[PDB]
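Everything below concerns the one structure shown next.
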Amino acid sequence: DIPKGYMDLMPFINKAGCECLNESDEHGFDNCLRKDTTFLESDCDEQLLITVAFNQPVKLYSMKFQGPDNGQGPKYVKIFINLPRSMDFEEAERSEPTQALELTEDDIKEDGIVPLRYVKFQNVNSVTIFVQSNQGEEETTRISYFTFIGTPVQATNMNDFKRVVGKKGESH
Amino acid sequence: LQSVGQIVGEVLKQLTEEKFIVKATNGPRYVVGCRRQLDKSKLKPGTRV
Amino acid sequence: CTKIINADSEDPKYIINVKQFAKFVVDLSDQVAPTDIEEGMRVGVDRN
Amino acid sequence: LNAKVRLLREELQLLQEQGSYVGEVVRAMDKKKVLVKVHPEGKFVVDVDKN
Amino acid sequence: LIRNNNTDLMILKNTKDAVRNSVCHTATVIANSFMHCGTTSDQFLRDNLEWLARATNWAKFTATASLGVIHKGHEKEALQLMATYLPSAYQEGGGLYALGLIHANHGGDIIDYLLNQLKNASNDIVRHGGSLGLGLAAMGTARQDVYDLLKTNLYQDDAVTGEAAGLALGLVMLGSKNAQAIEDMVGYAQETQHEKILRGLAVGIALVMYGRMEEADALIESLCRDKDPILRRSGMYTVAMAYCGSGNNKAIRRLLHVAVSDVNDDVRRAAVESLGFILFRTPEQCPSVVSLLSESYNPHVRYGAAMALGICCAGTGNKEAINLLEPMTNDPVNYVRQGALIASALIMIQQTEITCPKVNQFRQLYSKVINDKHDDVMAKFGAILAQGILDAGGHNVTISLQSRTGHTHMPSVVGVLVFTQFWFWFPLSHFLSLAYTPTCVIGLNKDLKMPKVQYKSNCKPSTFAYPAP
Amino acid sequence: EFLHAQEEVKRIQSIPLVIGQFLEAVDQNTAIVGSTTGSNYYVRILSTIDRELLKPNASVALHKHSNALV
Amino acid sequence: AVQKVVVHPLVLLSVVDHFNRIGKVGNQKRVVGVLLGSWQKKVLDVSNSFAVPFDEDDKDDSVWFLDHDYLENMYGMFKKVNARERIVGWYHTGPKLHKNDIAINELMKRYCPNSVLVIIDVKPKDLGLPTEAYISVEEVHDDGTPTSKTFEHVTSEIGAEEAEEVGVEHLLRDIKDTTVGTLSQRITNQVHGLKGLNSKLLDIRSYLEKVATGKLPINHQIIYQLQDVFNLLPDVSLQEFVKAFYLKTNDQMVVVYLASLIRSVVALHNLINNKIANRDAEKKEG
Amino acid sequence: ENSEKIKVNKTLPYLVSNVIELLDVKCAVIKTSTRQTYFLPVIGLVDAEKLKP
Amino acid sequence: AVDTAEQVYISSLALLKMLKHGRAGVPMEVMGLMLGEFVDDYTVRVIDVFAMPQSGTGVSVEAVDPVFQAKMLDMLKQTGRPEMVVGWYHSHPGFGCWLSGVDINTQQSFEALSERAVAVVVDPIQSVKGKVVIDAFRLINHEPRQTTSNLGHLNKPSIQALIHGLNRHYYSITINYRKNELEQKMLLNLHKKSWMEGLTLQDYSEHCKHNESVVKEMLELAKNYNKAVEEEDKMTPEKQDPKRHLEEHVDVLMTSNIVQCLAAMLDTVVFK
Ligand SMILES: [Zn+2]
């Protein structure tokens, strides 16, 4: 599927980046990261805060929060970007998201792709999803599969540098 | 090592309470000013600054 | 040239006098050799 | 008022240009080149502008 | 236009060599397009086609875009015709832009074609050209589906595609006063970070509010005070065309004060330029007011004064406007000289020396500034553009925001305002085509009854008739 | 804006300034001056300066970089 | 103690940037950073500041992160680039202090014996002085009131080094009002002075309201200094003062007479010459 | 690390010059071979006791 | 694609950081990096600038410590600035803004690093008295750049970098400052007059001395103003001396006296 000129942002995520919260130990973030029946389900309650970091800054265009039709699929999600620190559930309840989104049942299906306010996502390095509610108001929320679509922003390797031509060694 | 030297020079007539004439060593003379806190009465023609 | 410092003879250091300009403490190049340089000797030097 | 504002602005603009030295020619070297003597330095050969 | 296609080419043969291969040579590709507009006479481009190879990148786009004004109102083969001319993103983007130019203010079914051509575009330079041509072709239609297409294109946040979408999204809802459209446009303006989309929306949020009179004050008191200078420039454009035609007291009292008082130069320039769109109904007042903004310490105010004088007088030889522009074309600043040249061209179209005792002298002045080998590049850009406007449409088309019945000619005003944005983006110059109305009179009365008619002129002093010997 | 312009005019002639010796003038807005560094220069005179003060041996303070006589 | 602290443009712009940086994504009541400065006499000069990772609990007012190692190595590197600037004081943007803040100051005292805290209320864009300075004090109060670990106000002002001065002026140039402003700016300055005096007197009113009504503790101090202020008013209309005031006002009046009369004379001189010139042109035209 | 940072910062040329009297408010005065006088707030990498006018 | 007239927006914090570090470095050249965003092909944004230690090698690629740069970037990422670095600035005290031969190669390396990194030259001793001599450069790889707009020649180059190659090996890019309303009148508090300064009554003895001097100067100006009006005969029809000097004197005297009287009066009636 995917849109025109965009590619999956999955190859750019970082394993050190992933800090999904409130996840059940049996069913984790890697599960909702896979295109399988493996899914993430929350542990304490329906609230579920999941953060992901990227190797290079990336422009996000759309997101696919696919989830099961058992009523545990995400309903209301707050979107935050470029968090400096780890983010608390109370803050997520009180902080203004980069984008507040209300998924409908069609969005949560396996073919359901959710558009994003692409203007607000141009130098995104770490996204945070605050799943606040589910359709069926079930005790725990399940994320069947979720990835990000967009495009890399053409960053550079800071420490790479290196001399290329010139005096080789000493100058003014 | 971060310290930077300062040009020495003898002084001349004060035009006002702020602007003075200083003869920077053997080099040319300039119209300069006191920084903010230094004395003003002691600076008379012939003080090494 | 003047007064090869020769403090340790692994890097000797030299003094140079640029007439009516200045007096500097300098070193040799990767090309020239310490045996090639003597005291006085009217050597040449780069510009910066 | 606009005349004085304009003349002050342009005067400020030209005030950035530097001292342009002072020179005396000993012998012109035909078009452009021209030999000159400047006070602190020695002799130069300096092309002349559109004049 | 086709049968009276008497355009002169020696004025180009002594010009295409006179240009020292600078970027202004691409300006020639525009100038001739003015002269042969609607005449479908691309022979000048066939007299030398390899010369176009020296106009790569966006110039080629513009160069290809040239053909669009060349075939203005062709409409009989255009969809296949543009493909025949141009079967490099710049090239087919300019082809798409040209296709819109052909269908200026007259969409036909081409809109739908564009409506499927653009959705398959690479979100690229091609999308910029396609959006410009589409929005120009579908201007004033206020069709919701094209509007949301440009909404999606604008939300791609690309600098160039967003630049084009800024004009297109205003063109489609031109004069519609659409609250939803203007709300989305301004909300995007206060949210984007690329300044090109800001420049595009600066004209878009004006196009949406065309001719709405006092209905635009709710906008004005927003845009006039918004901190972003591009937003204030947009407010100047809105007060220009919302109060277009009428010399409304509030409009002048607002924009003159903004032009003289504001802290950014661009808003002052655009505010003064906006005087033409609101005082053209009575051109003789424009010299009387601009005669002081015309010579001010600020050079941006000077360029704005030149452009406003040129627009306000339209193609009518006010004499006094040329009296003001005569010293101004010798101003030290390059771009104000360029603006004075453009303004003088805008007024002296179709006129001979006896009609106005300045036109031949200005022609030879253009001749000397275009062939000077060390004058400013912007000044000679204005010179070649002026050469293009003077002999536009084979000396048969005139710019007039007034229709002959006294009604305000909306395509002309929108085209000329967008042309004024050539200061920011050269390819928009082709929009000046929307101001060219042919000076023909037609004797048709029944079906296809065009008989030879013996109506005559009554030149009292002497015969001068057609210009350009 | 004229207040701004004359404020800048006052600012250009402020400390620091290099003293030099006034040589005879060329034109109303320029003259020759020999800096106390030794070198001489052809330098525009600030229009605010009263011309009568320019006796051909006067000591005049000049802009440090542009050598403009201020 | 410390008699004055002068604050340069660079630190206030840095804290504004820090506030916009954090509030962009992690909107929070405050952000906390560290100032760098030097000591002259007993006045302090602060021109450098860096943001430090900080976190405050909403209501526990005892739970807080300030990063030790980050502060230490950031200071080390800032010393590497410029070694003059040593750690003095810490800044925060919250318009109000917190019960949690004195712990922050005590931690900062580990790095500076007399660390001074600065509140920089970035959001306010108001009457004046967007910086407040406070030192830590612990003394017996000399009046029988219980001693407490307290913050004490120290006067602050904005001063700029020459490079920062040209930098700030260049950015302010477009909105810059002229320094001289012969009449307009001076009259507006006097009106603004009356405005500020009224605002301060109304603040003193509200404090006295809260003190008499009892919702605010009696400081005993300051309020008696306020009584000294109230006894310091000059009481004009005393006769010899009236005579002196009339004398000096009359001197100003005669001086302004001379200036106005000369202005009228020069105006007439321009008028007559303009009439002569235009009449000469008219006579020559015929 | 500090010593190597100093080492990278002691590169020729050294512009030989003559010393003048010292002051306290320990600090040195230098007459350059280029015939110019400088005052140093700090003497530098050498110690005040070793040097002399 | 091929670049254009382009633009570079630098923030207030960045500009002050650059100027302060340059004035710290003079007379030794100093250099550091700016953080920013390649927002698009038509402008580059830089926000915040960090200087880096001055090694004895001078301004060069070797002067860029990789460890210092990397850990500074990491700690700025932690503090809330994930801005990826394009652009390096260096100081040229005593001479104009231009890329020296060393600078050409350093910017070549920096361009090889990202692609569109921009060089910045600041002269901290010429940037004085309200004028800032800042400029930014990029190196060329026929056609130097694409001129698709008029916002490339709204400025004029300088002869110094002209010989040093302002169009020859590198090209200068127009510089813009992205100040906002919040930084505005945050900086202004520095010269902002205080209300006590507004109600300050100056000094009566000094004011009397000022009036004494200015009226005497008025007399000496009017003395020759009389001669000027008595030579009204129009020999050899000719702004120096009497007229406008008298104008400025009356203006300043009248405004000073009026403001002093008004402040004294306001203080008299309002303060008791
Ligand atoms: Zn350099």
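Chain labels A, B, ... are given in the sequence in which chains occur in the structure tokens; within each chain residues are numbered consecutively from 1, and ligands are likewise numbered from 1 in the order shown.
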
Near residue 5 in chain D, within 7 Å and counting only C-alpha atoms, which residues show up once chain neighbours fewer than 5 positions away are dropped, as a short mmCIF file (atom, residue, chain, number, x, y, z; two decimals) with N, CA, C and O atoms, in the first residue's frame?
```cif
data_model
loop_
_atom_site.label_atom_id
_atom_site.label_comp_id
_atom_site.auth_asym_id
_atom_site.auth_seq_id
_atom_site.Cartn_x
_atom_site.Cartn_y
_atom_site.Cartn_z
N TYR E 297 13.42 58.19 0.90
CA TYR E 297 14.70 57.59 1.29
C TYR E 297 14.66 56.08 1.14
O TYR E 297 15.66 55.45 0.78
N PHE F 2 14.69 60.46 10.70
CA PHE F 2 15.77 61.43 10.72
C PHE F 2 16.47 61.44 12.07
O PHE F 2 17.70 61.61 12.14
N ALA F 5 18.74 58.54 11.92
CA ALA F 5 19.88 58.80 11.06
C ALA F 5 20.91 59.68 11.75
O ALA F 5 22.12 59.40 11.71
#
```

DSSP-assigned strand (DSSP E) members of chain D, reported as a list in words: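 Put together, the selection reads residues 23, 24, 25, 26, 27, 35, 36, 37, 38, 43, 44 and 45 of chain D.
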
Check every protein, DNA and RNA residue against ligand 1, keep those with an atom at most 9 Å away (counting only C-alpha atoms and all ligand atoms), and present them as a CSV table (one decimal) with N, CA and C atoms, in the first residue's frame.
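Below is the file that was written, out_30.csv:
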```csv
chain,number,residue,atom,x,y,z
A,172,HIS,N,46.3,28.0,9.2
A,172,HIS,CA,46.1,29.2,10.0
A,172,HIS,C,45.0,29.0,11.1
I,29,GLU,N,41.8,34.3,16.2
I,29,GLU,CA,40.6,33.8,15.6
I,29,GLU,C,40.1,32.6,16.4
I,30,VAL,N,38.7,32.6,16.5
I,30,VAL,CA,38.0,31.6,17.2
I,30,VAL,C,36.9,31.1,16.4
I,31,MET,N,36.4,29.9,16.6
I,31,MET,CA,35.4,29.3,15.8
I,31,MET,C,34.6,28.3,16.6
I,58,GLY,N,44.8,26.9,15.5
I,58,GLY,CA,44.0,28.0,14.8
I,58,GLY,C,42.7,27.4,14.2
I,59,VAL,N,42.0,28.3,13.5
I,59,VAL,CA,40.8,27.9,12.9
I,59,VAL,C,41.0,26.9,11.7
I,60,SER,N,40.7,25.6,12.0
I,60,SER,CA,41.0,24.6,11.0
I,60,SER,C,40.1,23.4,11.3
I,89,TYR,N,31.0,28.9,12.3
I,89,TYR,CA,31.3,30.3,12.3
I,89,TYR,C,32.7,30.5,12.8
I,90,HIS,N,33.4,31.5,12.3
I,90,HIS,CA,34.7,31.8,12.8
I,90,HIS,C,34.9,33.3,12.7
I,91,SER,N,35.9,33.8,13.5
I,91,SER,CA,36.1,35.2,13.7
I,91,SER,C,37.3,35.7,12.9
I,92,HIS,N,37.2,36.8,12.2
I,92,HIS,CA,38.3,37.5,11.5
I,92,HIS,C,38.4,38.9,12.0
I,97,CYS,N,34.8,40.2,6.1
I,97,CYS,CA,34.2,38.9,6.1
I,97,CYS,C,34.5,38.2,4.8
I,98,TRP,N,35.3,37.2,4.8
I,98,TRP,CA,35.7,36.4,3.6
I,98,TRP,C,36.3,35.1,4.1
I,99,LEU,N,36.2,34.1,3.2
I,99,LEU,CA,36.8,32.8,3.5
I,99,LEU,C,38.3,32.8,3.1
I,100,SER,N,39.2,32.6,4.0
I,100,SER,CA,40.6,32.4,3.7
I,100,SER,C,40.8,31.0,3.0
I,101,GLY,N,42.0,30.8,2.6
I,101,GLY,CA,42.4,29.6,1.9
I,101,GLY,C,42.1,28.4,2.9
I,102,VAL,N,42.4,28.6,4.1
I,102,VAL,CA,42.1,27.6,5.1
I,102,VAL,C,40.6,27.4,5.2
I,103,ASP,N,39.9,28.5,5.2
I,103,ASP,CA,38.4,28.5,5.3
I,103,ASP,C,37.8,27.8,4.2
I,104,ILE,N,38.3,27.9,3.0
I,104,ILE,CA,37.8,27.2,1.8
I,104,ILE,C,37.8,25.7,2.1
I,106,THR,N,38.2,24.1,5.0
I,106,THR,CA,37.3,23.7,6.2
I,106,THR,C,35.9,23.6,5.7
I,121,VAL,N,31.3,34.0,8.7
I,121,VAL,CA,32.5,34.8,9.1
I,121,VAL,C,31.9,36.0,9.9
```

Set the distance at 9 Å and use only C-alpha atoms: which residues neighbour residue 35 in chain H once local chain neighbours fewer than 3 positions away are removed? I'd like the list as a PyMOL selection string. (chain B and resi 25-27) or (chain C and resi 22) or (chain H and resi 17+31-32)

Neighbours of range 153-157 of chain E within 8 Å (only C-alpha atoms; same-chain residues fewer than 6 positions away dropped), as a ChimeraX atom specification? /A:117-119 /E:123,165-166,192,194,197

Could you work out which residues of chain D fall inside 9 Å of chain F? Count only C-alpha atoms, and format the result as an MDAnalysis selection string. chainID D and resid 1:2 4:6 8:9 11:12 14:23 38:41

Using only C-alpha atoms, find each residue in chain I having at least one atom no more than 9 Å away from chain A; report its shortest atom-to-atom pair and that distance in Å (one decimal), rows by chain then rising number, as JSON lines.
```
{"residue": "I:37", "atom": "CA", "partner": "A:123", "partner_atom": "CA", "distance": 8.1}
{"residue": "I:38", "atom": "CA", "partner": "A:153", "partner_atom": "CA", "distance": 8.5}
{"residue": "I:39", "atom": "CA", "partner": "A:122", "partner_atom": "CA", "distance": 8.5}
{"residue": "I:57", "atom": "CA", "partner": "A:170", "partner_atom": "CA", "distance": 6.5}
{"residue": "I:58", "atom": "CA", "partner": "A:172", "partner_atom": "CA", "distance": 5.3}
{"residue": "I:59", "atom": "CA", "partner": "A:172", "partner_atom": "CA", "distance": 6.2}
{"residue": "I:60", "atom": "CA", "partner": "A:171", "partner_atom": "CA", "distance": 6.5}
{"residue": "I:61", "atom": "CA", "partner": "A:163", "partner_atom": "CA", "distance": 6.6}
{"residue": "I:62", "atom": "CA", "partner": "A:169", "partner_atom": "CA", "distance": 7.3}
{"residue": "I:64", "atom": "CA", "partner": "A:161", "partner_atom": "CA", "distance": 8.9}
{"residue": "I:66", "atom": "CA", "partner": "A:159", "partner_atom": "CA", "distance": 5.7}
{"residue": "I:67", "atom": "CA", "partner": "A:159", "partner_atom": "CA", "distance": 8.0}
{"residue": "I:69", "atom": "CA", "partner": "A:159", "partner_atom": "CA", "distance": 7.2}
{"residue": "I:70", "atom": "CA", "partner": "A:159", "partner_atom": "CA", "distance": 6.0}
{"residue": "I:73", "atom": "CA", "partner": "A:158", "partner_atom": "CA", "distance": 8.5}
{"residue": "I:77", "atom": "CA", "partner": "A:84", "partner_atom": "CA", "distance": 7.4}
{"residue": "I:78", "atom": "CA", "partner": "A:84", "partner_atom": "CA", "distance": 6.0}
{"residue": "I:79", "atom": "CA", "partner": "A:84", "partner_atom": "CA", "distance": 6.6}
{"residue": "I:80", "atom": "CA", "partner": "A:84", "partner_atom": "CA", "distance": 5.0}
{"residue": "I:81", "atom": "CA", "partner": "A:84", "partner_atom": "CA", "distance": 8.1}
{"residue": "I:82", "atom": "CA", "partner": "A:82", "partner_atom": "CA", "distance": 7.9}
{"residue": "I:83", "atom": "CA", "partner": "A:123", "partner_atom": "CA", "distance": 8.8}
{"residue": "I:84", "atom": "CA", "partner": "A:155", "partner_atom": "CA", "distance": 7.1}
{"residue": "I:85", "atom": "CA", "partner": "A:158", "partner_atom": "CA", "distance": 6.9}
{"residue": "I:86", "atom": "CA", "partner": "A:156", "partner_atom": "CA", "distance": 8.7}
{"residue": "I:100", "atom": "CA", "partner": "A:172", "partner_atom": "CA", "distance": 9.0}
{"residue": "I:101", "atom": "CA", "partner": "A:166", "partner_atom": "CA", "distance": 8.8}
{"residue": "I:102", "atom": "CA", "partner": "A:171", "partner_atom": "CA", "distance": 6.3}
{"residue": "I:103", "atom": "CA", "partner": "A:172", "partner_atom": "CA", "distance": 9.0}
{"residue": "I:104", "atom": "CA", "partner": "A:166", "partner_atom": "CA", "distance": 8.8}
{"residue": "I:105", "atom": "CA", "partner": "A:166", "partner_atom": "CA", "distance": 5.7}
{"residue": "I:106", "atom": "CA", "partner": "A:163", "partner_atom": "CA", "distance": 7.9}
{"residue": "I:108", "atom": "CA", "partner": "A:164", "partner_atom": "CA", "distance": 7.6}
{"residue": "I:109", "atom": "CA", "partner": "A:164", "partner_atom": "CA", "distance": 5.7}
{"residue": "I:110", "atom": "CA", "partner": "A:161", "partner_atom": "CA", "distance": 6.8}
{"residue": "I:112", "atom": "CA", "partner": "A:164", "partner_atom": "CA", "distance": 7.9}
{"residue": "I:113", "atom": "CA", "partner": "A:161", "partner_atom": "CA", "distance": 5.6}
{"residue": "I:114", "atom": "CA", "partner": "A:156", "partner_atom": "CA", "distance": 5.1}
{"residue": "I:115", "atom": "CA", "partner": "A:156", "partner_atom": "CA", "distance": 8.6}
```

Residue selection dump (N, CA, C and O atoms) as a compact mmCIF listing (two decimals), in the first residue's frame:
```
# COMPACT_ATOMS: atom_id res chain seq x y z
N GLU I 37 18.24 23.68 11.26
CA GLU I 37 17.44 22.77 10.46
C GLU I 37 17.56 23.15 8.99
O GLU I 37 17.39 24.32 8.63
N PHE I 38 17.86 22.16 8.15
CA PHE I 38 17.72 22.34 6.71
C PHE I 38 16.24 22.31 6.36
O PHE I 38 15.74 21.29 5.88
N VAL I 39 15.54 23.42 6.60
CA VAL I 39 14.09 23.41 6.47
C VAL I 39 13.67 23.17 5.03
O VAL I 39 12.69 22.47 4.76
N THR I 57 46.16 25.09 16.99
CA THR I 57 46.20 24.91 15.54
C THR I 57 45.52 26.04 14.79
O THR I 57 45.68 26.13 13.56
N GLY I 58 44.77 26.90 15.47
CA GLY I 58 44.03 27.95 14.79
C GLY I 58 42.75 27.43 14.18
O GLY I 58 42.42 26.25 14.35
N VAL I 59 42.02 28.28 13.46
CA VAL I 59 40.76 27.88 12.85
C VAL I 59 41.05 26.89 11.73
O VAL I 59 41.52 27.27 10.66
N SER I 60 40.75 25.62 11.97
CA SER I 60 40.96 24.57 10.98
C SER I 60 40.06 23.40 11.33
O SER I 60 39.38 23.40 12.35
N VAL I 61 40.07 22.40 10.45
CA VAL I 61 39.31 21.18 10.72
C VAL I 61 39.86 20.47 11.94
O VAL I 61 39.11 19.87 12.73
N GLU I 62 41.18 20.52 12.12
CA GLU I 62 41.80 19.89 13.29
C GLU I 62 41.39 20.60 14.57
O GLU I 62 41.40 20.00 15.66
N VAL I 64 38.52 21.26 15.33
CA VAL I 64 37.24 20.68 15.73
C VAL I 64 37.49 19.38 16.47
O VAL I 64 37.74 18.34 15.85
N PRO I 66 36.54 16.13 17.95
CA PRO I 66 35.38 15.24 17.80
C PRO I 66 34.73 14.86 19.12
O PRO I 66 33.50 14.77 19.18
N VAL I 67 35.51 14.63 20.17
CA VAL I 67 34.94 14.24 21.45
C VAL I 67 34.10 15.37 22.03
O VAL I 67 32.97 15.16 22.48
N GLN I 69 32.71 17.93 20.46
CA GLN I 69 31.52 18.12 19.63
C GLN I 69 30.48 17.05 19.92
O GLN I 69 29.30 17.36 20.12
N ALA I 70 30.90 15.79 19.93
CA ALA I 70 29.95 14.69 20.09
C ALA I 70 29.26 14.75 21.45
O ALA I 70 28.03 14.62 21.54
N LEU I 73 26.88 17.66 21.71
CA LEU I 73 25.64 17.35 21.01
C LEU I 73 24.76 16.43 21.83
O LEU I 73 23.54 16.61 21.91
N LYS I 77 21.14 17.35 23.30
CA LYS I 77 19.98 16.50 23.03
C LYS I 77 19.24 16.17 24.32
O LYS I 77 18.01 16.19 24.37
N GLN I 78 19.99 15.85 25.38
CA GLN I 78 19.36 15.61 26.68
C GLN I 78 18.65 16.85 27.21
O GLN I 78 17.54 16.75 27.74
N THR I 79 19.27 18.03 27.07
CA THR I 79 18.69 19.23 27.66
C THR I 79 17.47 19.71 26.90
O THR I 79 16.72 20.56 27.41
N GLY I 80 17.24 19.20 25.70
CA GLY I 80 16.05 19.57 24.96
C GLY I 80 16.32 20.12 23.57
O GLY I 80 15.38 20.48 22.86
N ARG I 81 17.59 20.20 23.19
CA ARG I 81 17.93 20.65 21.84
C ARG I 81 18.42 19.49 20.99
O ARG I 81 19.62 19.18 21.00
N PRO I 82 17.53 18.83 20.25
CA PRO I 82 17.98 17.80 19.31
C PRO I 82 18.44 18.35 17.98
O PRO I 82 18.58 17.58 17.02
N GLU I 83 18.68 19.66 17.89
CA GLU I 83 19.01 20.28 16.61
C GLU I 83 20.34 19.75 16.08
O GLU I 83 21.39 19.87 16.72
N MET I 84 20.27 19.19 14.88
CA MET I 84 21.39 18.62 14.15
C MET I 84 22.21 19.72 13.47
O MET I 84 21.66 20.66 12.91
N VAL I 85 23.53 19.58 13.56
CA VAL I 85 24.45 20.69 13.33
C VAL I 85 24.74 20.84 11.84
O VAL I 85 25.25 19.92 11.19
N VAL I 86 24.37 22.00 11.29
CA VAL I 86 24.92 22.50 10.03
C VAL I 86 25.42 23.92 10.28
O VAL I 86 24.76 24.71 10.96
N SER I 100 39.18 32.60 4.00
CA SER I 100 40.58 32.43 3.67
C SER I 100 40.81 31.05 3.05
O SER I 100 39.91 30.20 3.03
N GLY I 101 42.02 30.83 2.56
CA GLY I 101 42.37 29.56 1.94
C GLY I 101 42.14 28.38 2.85
O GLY I 101 41.70 27.31 2.42
N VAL I 102 42.45 28.57 4.14
CA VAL I 102 42.12 27.56 5.15
C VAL I 102 40.61 27.39 5.24
O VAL I 102 40.09 26.27 5.35
N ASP I 103 39.88 28.51 5.21
CA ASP I 103 38.43 28.49 5.35
C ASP I 103 37.77 27.76 4.18
O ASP I 103 36.77 27.06 4.37
N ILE I 104 38.32 27.92 2.97
CA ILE I 104 37.80 27.22 1.80
C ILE I 104 37.80 25.73 2.09
O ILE I 104 36.79 25.04 1.88
N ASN I 105 38.92 25.22 2.59
CA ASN I 105 39.05 23.78 2.78
C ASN I 105 38.22 23.29 3.96
O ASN I 105 37.64 22.19 3.91
N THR I 106 38.16 24.07 5.04
CA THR I 106 37.31 23.69 6.16
C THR I 106 35.86 23.59 5.73
O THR I 106 35.15 22.64 6.09
N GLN I 108 34.90 23.04 2.68
CA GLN I 108 34.81 21.89 1.78
C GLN I 108 34.56 20.61 2.58
O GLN I 108 33.70 19.79 2.23
N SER I 109 35.30 20.44 3.68
CA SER I 109 35.08 19.29 4.55
C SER I 109 33.68 19.31 5.13
O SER I 109 32.99 18.28 5.19
N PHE I 110 33.23 20.48 5.58
CA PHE I 110 31.91 20.60 6.20
C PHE I 110 30.80 20.30 5.19
O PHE I 110 29.79 19.67 5.53
N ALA I 112 31.20 18.34 2.54
CA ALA I 112 31.28 16.90 2.36
C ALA I 112 30.58 16.17 3.49
O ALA I 112 30.05 15.06 3.31
N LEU I 113 30.55 16.78 4.68
CA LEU I 113 29.90 16.18 5.83
C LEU I 113 28.39 16.04 5.61
O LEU I 113 27.87 14.92 5.58
N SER I 114 27.68 17.16 5.47
CA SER I 114 26.24 17.06 5.22
C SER I 114 25.91 17.19 3.74
O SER I 114 25.48 16.22 3.11
N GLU I 115 26.16 18.39 3.18
CA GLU I 115 25.96 18.75 1.77
C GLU I 115 25.86 20.27 1.66
O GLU I 115 26.61 20.89 0.90
```
